[PDB]
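Single-structure report; data block below.
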Amino acid sequence: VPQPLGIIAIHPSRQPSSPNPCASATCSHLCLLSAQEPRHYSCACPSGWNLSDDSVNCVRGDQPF
Amino acid sequence: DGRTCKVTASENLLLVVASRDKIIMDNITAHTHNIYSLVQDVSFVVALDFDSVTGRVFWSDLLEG
Ligand SMILES: *[C@@H]1O[C@H](CO)[C@@H](O)[C@H](O)[C@H]1NC(C)=O
Ligand SMILES: *[C@@H]1O[C@H](CO)[C@@H](O)[C@H](O)[C@H]1NC(C)=O
């Protein structure tokens with residue numbers, strides 16, 4: 001194999017099933033799994049945005065960069 | 001032997017490697033290797049990841065960016 005930079009294995013055993021915390025969420029940009037309890041989920045806005053006290057919504061920019 | 005573990009889903013395994021122009025794929029049926037190429041139009045594959053929910057393969061290319 002001349003240039004084997006990456007390798008992956010594809011079986012049903014390598015991606016074990018688990019319940020999804022994010023399915024219950026409704027935040028407007030991203031939902032990410034989180035080790036913190038009890039929600040086990042958190043929401044993330046695009047790079048440069050803020051996150052409102054309303055943890056499911058985001059605000060954008062309004063400051064020089 | 002009461003110590004070894006095996007997979008319920010068939011033992012058949014799919015192994016994918018990234019080598020420049022080819023996303024080499026190996027299919028281990030029984031212990032016989034079967035080798036074929038997933039895609040013709042790729043330039044320089046670096047990173048390979050597998051998604052079991054859609055049944056898809058993801059790869060990144062150094063030349064195509
Ligand atoms: C979020 O808003 C505050 C003003 O309330 C601002 O100072 C801050 O820079 C914004 N986000 C970041 C971390 O840039
Ligand atoms: C691997 O090879 C077997 C036999 O050719 C085939 O039935 C199977 O679909 C191939 N792919 C996977 C993921 O098992």
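Ligands are numbered from 1 in the order shown, chains are lettered A, B, ... in the order of the structure tokens, and residues start at 1 in each chain.
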
Neighbour list for range 47-60 of chain A as a short mmCIF file (atom, residue, chain, number, x, y, z; two decimals) with N, CA and C atoms, in the first residue's frame, cut-off 8 Å, only C-alpha atoms, skip fewer than 4 positions in-chain:
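What follows is the written file part_23.cif:
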```cif
data_model
loop_
_atom_site.label_atom_id
_atom_site.label_comp_id
_atom_site.auth_asym_id
_atom_site.auth_seq_id
_atom_site.Cartn_x
_atom_site.Cartn_y
_atom_site.Cartn_z
N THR A 26 -34.24 21.46 21.27
CA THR A 26 -34.75 22.31 20.20
C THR A 26 -33.94 23.59 20.00
N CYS A 27 -32.67 23.62 20.43
CA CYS A 27 -31.88 24.84 20.25
C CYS A 27 -31.65 25.10 18.76
N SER A 28 -31.44 26.37 18.42
CA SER A 28 -31.41 26.79 17.03
C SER A 28 -30.11 26.60 16.25
N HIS A 29 -28.96 26.24 16.84
CA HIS A 29 -27.79 26.05 15.97
C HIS A 29 -27.14 24.68 16.07
N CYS A 43 -25.91 23.24 23.98
CA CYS A 43 -26.10 23.85 22.68
C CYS A 43 -24.99 24.84 22.38
#
```

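Near chain B, within 12 Å and counting only C-alpha atoms, the residues of chain A are residues 1, 2, 3, 4, 5, 6, 7, 8, 9, 10, 11, 12, 13, 14, 15, 16 and 17 of chain A.
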
Take the residues from that selection and put them in a file with C-alpha atoms, as a JSON list (two decimals), in the first residue's frame.
```json
[["chain", "number", "residue", "atom", "x", "y", "z"],
["A", 1, "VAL", "CA", 0.00, 0.00, 0.00],
["A", 2, "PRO", "CA", 1.97, 3.09, -1.14],
["A", 3, "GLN", "CA", 0.50, 5.88, 1.08],
["A", 4, "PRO", "CA", -1.68, 4.40, 3.87],
["A", 5, "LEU", "CA", -2.40, 7.54, 5.91],
["A", 6, "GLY", "CA", -5.80, 6.58, 7.35],
["A", 7, "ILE", "CA", -7.58, 3.38, 8.35],
["A", 8, "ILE", "CA", -11.12, 2.70, 9.57],
["A", 9, "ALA", "CA", -13.03, -0.48, 10.42],
["A", 10, "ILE", "CA", -16.71, -0.81, 9.49],
["A", 11, "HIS", "CA", -18.89, -3.14, 11.52],
["A", 12, "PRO", "CA", -22.12, -2.64, 13.53],
["A", 13, "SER", "CA", -19.96, -3.32, 16.68],
["A", 14, "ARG", "CA", -17.77, -0.21, 16.25],
["A", 15, "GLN", "CA", -20.68, 2.24, 16.64],
["A", 16, "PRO", "CA", -22.66, 0.86, 19.62],
["A", 17, "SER", "CA", -26.29, 1.93, 20.04]]
```

What's the 9 Å shell around residue 25 in chain A, counting only C-alpha atoms, without same-chain residues fewer than 3 positions away, as a PDB file with C-alpha atoms, in the first residue's frame?
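Now in part12.pdb:
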```pdb
ATOM      1  CA  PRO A  21     -30.090  13.253  24.488  1.00  0.00           C
ATOM      2  CA  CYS A  22     -30.213  15.740  21.608  1.00  0.00           C
ATOM      3  CA  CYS A  31     -26.690  20.312  19.940  1.00  0.00           C
ATOM      4  CA  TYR A  41     -26.567  17.806  26.194  1.00  0.00           C
ATOM      5  CA  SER A  42     -25.594  21.408  25.529  1.00  0.00           C
ATOM      6  CA  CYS A  43     -26.100  23.847  22.678  1.00  0.00           C
ATOM      7  CA  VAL A  56     -31.609  27.297  23.590  1.00  0.00           C
TER       8      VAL A  56
END
```

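What separates CA of residue 33 in chain A from atom 9 (O, counted along the ligand's line) of ligand 1 is a distance of 25.2 Å.
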
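Picture a line from CA of residue 64 in chain A to atom 8 (C, counted along the ligand's line) of ligand 1; it runs 9.9 Å.
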
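The two atoms in question, CA of residue 5 in chain B and CA of residue 30 in chain B, are spaced 16.6 Å apart.
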
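These are the residues of chain A assigned strand (DSSP E or B) by DSSP from backbone coordinates: residues 4, 5, 6, 7, 8, 9, 10, 30, 31, 32, 33, 41, 42, 43, 44, 49, 50, 51, 58, 59 and 60 of chain A.
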